[PDB]
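Just so you know, all these numbers are worked out from the coordinates, no wet-lab data involved. Here the Cβ is made from the backbone with ideal geometry for all residues, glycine too, and neighbour counts use every protein chain on show.
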């Protein structure tokens, strides 16, 4: 909201590389998703009015399945072929996707949860503050929106290379998607989320009122905002997700980094270069300006 996800603003290389590679089909979903993704940001009491109905959730879950439907579709067909090698290196292509894969569902599923929780919590009270919940809503959404972002690219980047064409690896490719998810549904029955988002909680005719809400919404939010992660766990519900997630994130970015290194080393050797200072931020000394990325905060 200020640097966690704002660092990408000045770094259009992510939107340029994806728009050039993908084209528009996949870039569309992930493109429109980022719009409402950050739009969810709030501050003024207006947030309590929007919480009435799962608006950002319906729009988020709507696009989430879109980018995931187009990516998974083109992916399965992409796995059929790998880089121009087919010998041993291809073995890393199986694990590589495993990382970017778990990263997709992780953030995605985390999205619907952030809303379903934030809404299910406030809707249970209907008479609390907003900042107390915003403090965590800023960082949580910051890392949730940042990950899904830096991931969408780092993931689509590998799909651009696979377009090359392999021989033996062609068999291992199909295995990659099989090593990620099998019994489950892509990530974790995301469909089940589309149902909850519909739940909402209408009153009489103000369950949304986004019309006037959006007015002060962006006004106060952009005005200056009074939170900037002041470390104040109010809901302590959604924070758990980003907390336990941010921890495992290291396992993903790690396998995805070590693999990508050699993965792109075959086709080229400049990716790590532009990515060294053009990926998104590279986590400039820890995360969060104030409210550091809590590991778990116990239970």
Quiz item: Just wondering, is there one or more residues in segment 181-188 that are under 30 Å from residue 84 (Cα atoms) and surrounded by fewer than 17 Cβ atoms within 10 Å (Cβ to Cβ)?
Solution: yes
Practice problem: Have a look at 42, 83 and point out the one that is outside any helix (DSSP H, G or I) and over 19 Å from residue 255 (Cα atoms). | Solution: 42
Practice problem: Please find, within segment 263-277, the residue that is nearest to the chain's Cα centre (by Cα) out of those that are closer than 17 Å to residue 11 by Cα and surrounded by 15 or more Cβ atoms within 10 Å (Cβ to Cβ). | Solution: 275
Quiz prompt | Of residues in segment 258-271 being assigned to a helix (DSSP H, G or I) and without any contact (Cβ under 8 Å) to a residue 12 or more places away in the chain, the one farthest from residue 231 (Cα to Cα) | solution = 265
Quiz item: Name the pairs: first residue in segment 127-147 and on the phi > 0 side of the Ramachandran plot and without any contact (Cβ under 8 Å) to a residue 24 or more places away in the chain, second residue surrounded by 24 or more Cβ atoms within 10 Å (Cβ to Cβ) and in a helix (DSSP H, G or I), Cβ to Cβ under 6 Å, at least 6 apart or on different chains?
Solution: none
Quiz prompt | residue 237 closer than 23 Å to residue 2 by Cβ, touching a residue at least 40 places away in the same chain (Cβ under 8 Å), touching a helix residue (DSSP H, G or I) at 6+ places or on another chain (Cβ under 9 Å) and surrounded by 12 or more Cβ atoms within 10 Å (Cβ to Cβ) | solution = no
Quiz item: Restricting the search to segment 174-184, which residues are touching a helix residue (DSSP H, G or I) at 6+ places or on another chain (Cβ under 7 Å) and either part of a loop (DSSP other than H, G, I, E, B) or closer than 20 Å to residue 267 by Cβ (or both)?
Solution: 176
Exercise. Go through the residues of segment 153-170 one by one and say whether even a single one is assigned to a loop (DSSP other than H, G, I, E, B) and on the phi > 0 side of the Ramachandran plot.
Key: yes
Exercise. Among the residues of segment 195-207, write down those that are part of a loop (DSSP other than H, G, I, E, B) and either free of Cβ contacts under 8 Å to residues at least 24 places away in the same chain or buried (at least 16 other Cβ atoms within 10 Å of the Cβ) (or both).
Key: 200, 204, 205, 207
Quiz item: Assuming residue 91 fulfils every condition listed in (1) assigned to a helix (DSSP H, G or I); (2) surrounded by 20 or more Cβ atoms within 10 Å (Cβ to Cβ) apart from one, which condition is it?
Solution: (2)
Quiz prompt | Number of the exception - residue 48 against (1) assigned to a helix (DSSP H, G or I); (2) touching a helix residue (DSSP H, G or I) at 6+ places or on another chain (Cβ under 6 Å) | solution = (2)
Practice problem: Return only the number of the condition from (1) farther than 18 Å from residue 47 by Cβ; (2) free of Cβ contacts under 8 Å to residues at least 60 places away in the same chain that residue 218 does not satisfy. | Solution: (1)
Quiz item: Within the bounds of segment 275-285, is there any residue that is closer than 21 Å to residue 120 by Cβ and without any contact (Cβ under 8 Å) to a residue 12 or more places away in the chain?
Solution: no
Exercise. Filter segment 241-250 down to the residues that are touching a residue at least 12 places away in the same chain (Cβ under 8 Å) and out of contact with any helix residue (DSSP H, G or I) (no Cβ under 8 Å at 6 or more places or on another chain), then identify the one that is surrounded by the fewest Cβ atoms within 10 Å (Cβ to Cβ).
Key: 247
